[PDB]
Amino acid sequence: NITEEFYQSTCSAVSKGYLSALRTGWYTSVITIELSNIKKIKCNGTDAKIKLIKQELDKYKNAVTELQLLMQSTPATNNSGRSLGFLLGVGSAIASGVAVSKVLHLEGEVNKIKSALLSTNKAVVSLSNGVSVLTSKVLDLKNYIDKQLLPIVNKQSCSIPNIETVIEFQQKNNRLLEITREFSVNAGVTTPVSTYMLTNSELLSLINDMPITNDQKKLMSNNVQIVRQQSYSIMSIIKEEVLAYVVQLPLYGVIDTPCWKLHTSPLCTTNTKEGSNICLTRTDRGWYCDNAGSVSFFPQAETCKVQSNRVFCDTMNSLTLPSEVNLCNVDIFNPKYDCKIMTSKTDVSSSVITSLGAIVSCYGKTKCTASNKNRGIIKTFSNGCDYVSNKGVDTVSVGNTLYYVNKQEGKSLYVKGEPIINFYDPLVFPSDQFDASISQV
Amino acid sequence: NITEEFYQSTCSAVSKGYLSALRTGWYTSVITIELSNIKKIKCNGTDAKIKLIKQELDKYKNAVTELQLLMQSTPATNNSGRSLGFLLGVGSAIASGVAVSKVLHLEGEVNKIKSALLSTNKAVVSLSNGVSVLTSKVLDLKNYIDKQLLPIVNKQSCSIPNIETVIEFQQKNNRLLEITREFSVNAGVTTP
Amino acid sequence: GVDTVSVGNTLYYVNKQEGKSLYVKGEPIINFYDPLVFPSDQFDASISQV
Amino acid sequence: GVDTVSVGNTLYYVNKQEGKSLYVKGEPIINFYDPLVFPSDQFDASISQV
Amino acid sequence: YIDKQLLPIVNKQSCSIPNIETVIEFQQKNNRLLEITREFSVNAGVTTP
Ligand SMILES: [Cl-]
Ligand SMILES: [Cl-]
Ligand SMILES: [Cl-]
Ligand SMILES: [Cl-]
């Protein structure tokens, strides 16, 4: 159950009650498509059905050629001031998948995988470097072409195939064309992993066969759409009648730990004289999750995805902070943690839509209200930082900007308190601390 | 007519003459596709045209199953120093649409919409919360499957369909597959 | 009359939209400040704050 | 010889690109500054500006 | 004709489904055999004209 508290003293709000799903590691599987090595199409027969097969077989060959050009390259990808995102480190997202992909280029490795998938479509292979991976065969075009399409290709006659075969081949070949299509506009690396790359059935099956915890299996299976978004597909090799690409799946080593979202907004004095005011803003906004005795902090919004009451985050875009970082919500002047803030003289009106309400920073001549769809305006905000819950409120207006509030169910608590900006003498207040803290000020 | 002035004193330039089109609010409509509830495909006939229909009908079922898994989740999305972007507030882009979506989960609301779109493909429905929305039916696979594909599915015979029907069904079903495709890689929320 | 502009190793194509430009001459305001007391560490500031 | 690096709760995989690294030893330059007069609010600065 | 055009659909469990034009063509070629047999069977093996 989601709850929320607004702190009038620091113009901020915390949303509690969430459960964690943090990607901590990676699992790499090798997906294969068995290809038919065919060059020639020996047939002088000008039959329309033969022509259609020839045309489809031509797309097949171009895809293979196109993929071979992609294989020649080494896979790579590249993954505000009121946020602490600049403090983050820089990881290499597909470094694990690429490491596996490089092994696949070694001679014998390809033939090793093909041997394992000879009788079955699912196997575990020991790679020459000494790493085991789940290998899977999702499509056998080699079988279909050699079994259904050989007499119309390998011979001058060329017994004209039925129309249903022409349709069927286009259906089966289509997946190869789409995979090639995605890789070719993404330089061999795609994310999220599409259903062309890995169908819902294949992914669910892969998850079940992943030797992970039953909780992780359940978690990933109920949130496949999120798993896809946190996954990469890496074109590896197309060699000796087999296309292979590495699918890099998220590993959730942290599950069901409490998470909370911190919302922040500018806190300024409200003197009538324009420009005689000083401002203060908490800069530690973002997602927080308890994690191994510390706290994983995610400054950027893109990093975390919320499903009902569970938060999916990526640890690569996080900081590991002392748990005392939470003290900034209760006592920003606490002696255990130096709470991060920024100062300014620019008192501009704005609103932050929270999980269960809205924070309004209203300054100057700005019209700031909250409304119900039926009644209309039910609250007019005064200058300063204020808050309203989503219960009974549908929209909030700050100036010419109308915000819809989240209609998530849950209780809000208004924690009254003197705005801390009132504690500072404007005559000696440093209003040029773009990245600062309580003690630094 | 566009004009422009450069101010040498402050190293800046202003381009005038433009007309506004500002998004100030949101309008939410409910788009519907009538689906045929089919499980079984009773037919032992190994005819190639039957096989193609079966395969296409299998994609249809997987799409439905895939969408049902997506429905289980609550929709959400996340929408330099020389710019003042850091001064901006933080809205919730799909808060209005999601609010409508939640109403649709309430029992009776679904049947209420289906009743309005019974005779027409365009109607306005009063939702139980007290909000009216334009509702639209853009595809009726329920009609097509039950009218063109029932004898080849509901019975052991299974009178083999013409090749043109096999083509036609793939054409109509394709849209459902693509919609499902977009939702599945976008966690149920797409834009544009 | 201009199609491109080059600054260092960077070539910019200009927009070929039709319309009149006006060059408003004026003393660069940076010349009004004494460098000895000029605060050059105001990342987010204003005229009065400087 | 290294495959991963862990900082706090964050596990980074390292690039397995082949190539030689050189560790150039040297006194951390932060040790050269007196903290009593060190400007720690220079968001965009330089050696001489500090 | 049978051994060249119709063997895979007869000699094997698969049975790669033949095109519709072959179905038509075989009926055309086979027809003559059926008619010859037809004439002989109502004429006790001797026909004239
Ligand atoms: Cl045919
Ligand atoms: Cl909105
Ligand atoms: Cl350019
Ligand atoms: Cl990593």
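Things to note:
- Selection count where residues are within 10 Å of the chain's Cα centre (by Cα) and within 14 Å of chain A (Cβ to nearest Cβ), scope segment E:24-45: 2
- Some residue of segment A:149-163 being facing chain B (nearest Cβ under 10 Å), in contact with a strand residue (DSSP E or B) (Cβ under 7 Å, 6 or more places away or on another chain) and away from ligand 2 (no atom under 16 Å from the Cβ): yes
- All positions within segment B:15-60 that are within 28 Å of E:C15 (Cβ to Cβ) and either surrounded by fewer than 14 Cβ atoms within 10 Å (Cβ to Cβ) or among the polar types (S, T, N, Q) (or both): B:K40, B:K42, B:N44, B:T46, B:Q55, B:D58
- Residues that are more than 30 Å from A:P211 (Cβ to Cβ) and not hydrophobic (A, V, I, L, M, F, W, C), drawn from segment A:126-152: A:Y144, A:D146, A:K147, A:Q148, A:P151
- Of all positions in segment C:16-23, none carries a residue that is under 19 Å from the mean Cα position of the chain (by Cα) and within 16 Å of ligand 3 (Cβ to nearest atom).
Yes/no per residue for (1) under 22 Å from A:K16 (Cα atoms); (2) buried (at least 19 other Cβ atoms within 10 Å of the Cβ); (3) of a type in the set (F, W, Y):
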residue	(1), (2), (3)
A:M342	no, yes, no
A:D347	no, yes, no
A:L356	yes, yes, no
A:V360	yes, yes, no
A:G364	no, no, no
A:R375	no, no, no
A:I378	no, no, no
A:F381	no, yes, yes
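- Among the numbered conditions (1) under 28 Å from the mean Cα position of the chain (by Cα); (2) surrounded by fewer than 20 Cβ atoms within 10 Å (Cβ to Cβ), the only one that A:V311 does not meet is (2).
- Residue pairs whose Cβ atoms lie under 7 Å apart, separated by 6 or more positions or on different chains, with the first residue in segment A:94-106 and more than 7 Å from chain D (Cβ to nearest Cβ) and the second surrounded by fewer than 22 Cβ atoms within 10 Å (Cβ to Cβ) and among the acidic types (D, E), are A:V103/A:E109.
- Residues in segment A:242-293 that are under 23 Å from A:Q307 (Cα atoms) and outside any loop (DSSP other than H, G, I, E, B): 23 in all.
- Qualifying residue in segment A:232-251 (condition: touching a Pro at 6+ places or on another chain (Cβ under 7 Å) and either within 16 Å of ligand 4 (Cβ to nearest atom) or within 30 Å of A:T199 (Cβ to Cβ) (or both)): yes
Read-outs throughout are calculated quantities, based only on the coordinates presented, and are distinct from any laboratory measurement. Note that each Cβ is placed from the backbone with ideal geometry, even for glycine, and that neighbours are counted across all protein chains shown.
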